Amino acid sequence: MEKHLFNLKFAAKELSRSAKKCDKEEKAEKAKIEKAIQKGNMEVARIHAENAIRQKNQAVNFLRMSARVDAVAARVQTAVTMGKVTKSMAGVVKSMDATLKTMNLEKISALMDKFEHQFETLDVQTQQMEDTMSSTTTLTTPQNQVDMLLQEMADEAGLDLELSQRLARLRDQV
Amino acid sequence: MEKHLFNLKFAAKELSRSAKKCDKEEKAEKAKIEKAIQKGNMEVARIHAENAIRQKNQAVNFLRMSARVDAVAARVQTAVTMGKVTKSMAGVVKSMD
Amino acid sequence: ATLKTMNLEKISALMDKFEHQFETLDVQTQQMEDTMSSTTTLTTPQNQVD
Amino acid sequence: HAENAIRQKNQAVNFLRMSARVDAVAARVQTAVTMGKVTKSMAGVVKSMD
Amino acid sequence: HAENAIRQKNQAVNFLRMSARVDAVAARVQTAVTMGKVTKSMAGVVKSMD
Amino acid sequence: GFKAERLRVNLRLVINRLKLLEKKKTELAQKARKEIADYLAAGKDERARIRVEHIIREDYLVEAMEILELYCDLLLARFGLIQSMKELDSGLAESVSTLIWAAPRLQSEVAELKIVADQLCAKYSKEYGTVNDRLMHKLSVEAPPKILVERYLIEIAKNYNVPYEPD
């Protein structure tokens, strides 16, 4: 339908250009009327006068035809565009039908439960990894040094937040 | 679905450009109404007047069609994106398995 | 040709299927986002957001 | 144009919430990938020290 | 955006703690590699002096 | 054979087609009362009487289409009762009878009334092997009265400021 839409728009442009050239030839023939009356040729003046009236009414007819063809070309153009929209929406319907039959809501539910449980197991994995990575390097991070360092650098900012011997003697008791 | 998403976005842009060119041709036809009334051609003035009213209502129709096609293209675009997310999460599930 | 190969009844069926498939897709993305929130609940406590 | 503006507003809210969910899941998949690389490197350290 | 900000905060805390653990293990693997080089050089010194 | 979903789809299509035809025919009446006024300004009066007969028939047709749109929407509202029962309801008998009546009278402009009436006859073949009287008057192929025509001309002349003299 695009070829016929192109031909209707081209026909409307041809009718509009015909109206333009007839309105130009009307002014040319009126200048010729003035020159013929200045020369005194009344039969030449009448020929150019009927030419000018013909070009005027002819331009009105081409303008009205161009208006009608432009109306029909506008409606054929929205026909072509909404047909393209219809074909694209039918393609969307069949592609979603394919994807929603190959991946149901039950398969989505199972896939998402498996997703969540595998990240639970992975978080347990990284927890015991970090536990081993702390226990391997316990000797470079004593807990007392980290505690006293936090106390020092919190007292510097103004925030304000032995036992082994006692427990050894108590194990010696019982 | 990406081809149909591209075609729906292109159709919305074509309807918006059609509304723009019809709103431009309305102003052109109104200038022609003024020139035809200054020349004293009332049939030419009525032809350009019905052209101007047609371009106005035609531009309103193209604008409303562009709004509808842009709504559907937005929802098809989030369909395509969440389908890509679904395929990537299924790949993550099988790789972690 | 186009109006015999795509009737108004076929348009009506196609549009009902279009609307219902986007309903099912919205349900799909809803339960997707529900799982995507429940997986990362520990990084967004509700009290901190409040 | 008013219903276009309201549609673009709510549509932007929906895209923003979807982006938040996908960014959460992508962060957790990214730390999955990184700690899997750490696991493979530590297994290689174990066998080389063995 | 608030739940995004809280997620980015706690997510950054998690990446920082993981980086601390991996940096500890990488320091101990690096002194493993260096003292293995020292061991091989001292074994070469032993056989050359022998 | 009766298929319910086909009948529902075609009733919605009848509603849409009748809305579009109402808008289009009221606009055509707007277009043609101006040329009736042009005949009255030119002086030809019996010509304007015949054109007024055309436009009276078109206005009766528009009012007939809104009555049928009302009845098809009534069937779309009571479609649960239609699909449930096997005996024709008293609240549905007028609507079903006048749609089966008006579907051959409007075969040209609304081609889905033929399908709607075929489905209603297939549903109620046990009853049909009632009709709205105002709707039958508006679908009646009968010339309007001359006093109505003259009256119509009077208001056209009043709106378009044209001198007109009745009988």
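Structure determination for this PDB entry was carried out by cryo-EM, with a resolution of 2.9 Å recorded in the header.

Note that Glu 33 of chain C resides in helix 2 (residues 8-39). If we ignore the near neighbours within four places in the chain, the residues touching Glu 33 of chain C are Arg 17, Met 18 and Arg 21 of chain D.

Here the focus is a nonpolar patch on the surface. All names here are of chain E. A surface patch of nonpolar side chains, amounting to about 280 Å² of accessible area, comprises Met 35, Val 38 and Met 42. Summarising the element assignment, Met 42 is placed in helix 1 (residues 2-49). Owing to a relative accessible area of 55%, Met 42 belongs among the exposed residues under this scheme.

Attention now goes to the packing of aromatic side chains. Residue and element names in this part refer to chain F. Overall, the coordinates contain 2 aromatic pairs over all chains when judged by the stated rule. Lying across the ring of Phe 2, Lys 123 places its NZ or CZ 5.9 Å from the centre. Lying across the ring of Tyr 124, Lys 123 places its NZ or CZ 4.6 Å from the centre.

The next subject is the nonpolar core. One recurring pattern in soluble globular proteins: nonpolar side chains tend to sit buried together. Residues and elements named next belong to chain F. Among the nonpolar cores identified, the biggest contains 37 residues, and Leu 68, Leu 75, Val 96, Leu 106, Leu 113, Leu 120 and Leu 135 are the most heavily contacted of them. Among the elements of the structure, helix 1 (4-42), helix 2 (46-77), helix 3 (79-84), helix 4 (90-105) and helix 5 (113-123) are those that each provide at least two residues to this core. Ranked by residues supplied to this core, first place goes to helix 2 with 10 residues. Setting aside residues no more than four positions away along its own chain, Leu 113 makes contact with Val 14, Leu 68, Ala 102, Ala 103 and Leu 106.

Moving on, we get to the interface of chain A and chain C. Contact with chain A, which involves 16 residues of that partner, is made by 17 residues of chain C. Between chain A and chain C, roughly 1600 Å² of surface is buried when both sides are summed, and carbon and sulfur atoms account for 76% of that area. On the surface where chain A and chain C come into contact, there are 1 salt bridge. Along the contact surface separating chain A from chain C lie 2 residue pairs in polar contact. Sorting the residues of the side of chain A that touches chain C by element identifies helix 2 (42-102) and helix 3 (105-136) of chain A as the ones contributing at least two each. Broken down by class, the residue content of the side of chain A that touches chain C amounts to 11 nonpolar, 2 polar and 3 charged.

Moving on, we get to the interface of chain B and chain A. Of the residues lining the interface, 31 residues belong to chain B; the matching set on chain A comes to 31 residues. For the pair chain B and chain A, the number of links is 3 salt bridges. The salt bridge partner of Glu 50 of chain B is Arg 68 of chain A, with a shortest N-O separation of 2.8 Å. At the surface where chain B touches chain A, the tally comes to 2 residue pairs in polar contact. Sorting elements by how many residues they give to the side of chain B that touches chain A places helix 2 (residues 42-96) of chain B first, with 20 residues. Class assignment of the residues belonging to the side of chain B that touches chain A gives a composition of 16 nonpolar, 9 polar and 6 charged.

The protein chains that touch form 11 pairs of chains, and the pair with the most contacts between them is chains A and B. Without any contact between them, chain B and chain E keep their closest C-alpha atoms 19 Å apart. Left apart from each other, chain E and chain F have a closest C-alpha approach of 45 Å.

According to the stated counting rule, one finds 24 salt bridges over all chains in the structure shown. Between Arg 21 of chain D and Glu 3 of chain E there is a salt bridge, with the nearest N and O atoms lying 3.0 Å from each other. Within this pair, whereas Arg 21 of chain D is found in helix 1 (residues 2-49), its partner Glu 3 of chain E is found in helix 1, the two belonging to separate chains. For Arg 21 of chain D, a relative accessible area of 16% gives the class buried. Here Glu 58 of chain F makes a salt bridge to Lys 25 of chain F, at a shortest N to O gap of 3.6 Å.

Attention now moves to the packing of helix 2 of chain F against helix 7 (residues 146-160) of chain F. Residue and element names in this part refer to chain F. Contact pair helix 2 / helix 7: the axes reach a minimum separation of 10 Å and the direction vectors enclose 95°. If you check the angle between helix 2 and helix 7, you find them roughly perpendicular. Contact residues: helix 2 offers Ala 48, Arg 49, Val 52, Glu 53, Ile 56, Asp 59 and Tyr 60, while helix 7 offers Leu 148, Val 149, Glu 150, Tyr 152 and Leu 153. In the contact of helix 2 with helix 7, the residues fall into 8 nonpolar, no polar and 4 charged.

Turning next to unusual backbone geometry. Located in the positive-phi region is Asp 160 of chain A, a residue other than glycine, with phi close to 55°. If you trace the backbone, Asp 160 of chain A turns up in the loop between helix 4 (143-157) and helix 5 (163-173). One non-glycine residue, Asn 161 of chain F, lies in the positive phi region at around 60°. Turning to its location among the elements, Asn 161 of chain F is positioned in the segment after helix 7.

Turning our attention to the environment of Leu 153 of chain F. All names here are of chain F. Looking at the element boundaries, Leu 153 is found in helix 7. When the C-alpha atoms of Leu 153 and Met 136 are compared, they prove to be 25 Å apart, with 17 residues separating the residues in sequence. When sequence neighbours within four positions are dropped, the list of residues in contact with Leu 153 reads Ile 36, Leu 40, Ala 48, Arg 49, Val 52 and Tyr 164.

What counts and what doesn't
Residues numbered from 1 in each chain as written, not as in the entry; some residues may be left out. Chains lettered and ligands numbered in written order. Part of a larger assembly, values for the part shown. Heavy atoms only, no water. Residues with missing side-chain atoms left out of burial classes, pairs and counts. Helix = DSSP H or I, 4+ residues; strand = E, 2+ residues; numbered from the N terminus. Contact = heavy atoms within 4.5 Å. Patch = residues over 30% accessible without salt bridge, like charges linked within 9 Å, V, L, I, M, F, W, Y side chains within 5 Å. Areas by Shrake-Rupley, 256 points an atom, 1.4 Å probe, with all protein chains shown as cover. Salt bridge = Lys/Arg side-chain N within 4 Å of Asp/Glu carboxyl O. Buried < 20%, exposed > 50% of the residue type's maximum accessible area, 1.4 Å probe, protein only. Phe/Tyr/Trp six-rings, centres within 6.5 Å; stacked < 30°, edge-to-face > 60°. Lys NZ or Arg CZ within 6 Å of the ring centre and 35° of its normal. Core = buried A, V, L, I, M, F, W, Y, C linked by side-chain atoms within 4.5 Å. Buried area = accessible area lost by both parts, 1.4 Å probe. Polar contact = N/O pair within 3.5 Å; in protein donor to acceptor, adjacent residues only side chain to side chain. Nonpolar A, V, L, I, M, F, W, Y, C, P; charged D, E, K, R; others polar. Axes fitted to C-alpha atoms, helices over the stretch in contact; angles between N-to-C directions. Parallel < 35°, antiparallel > 145°, perpendicular 65-115°, else oblique.

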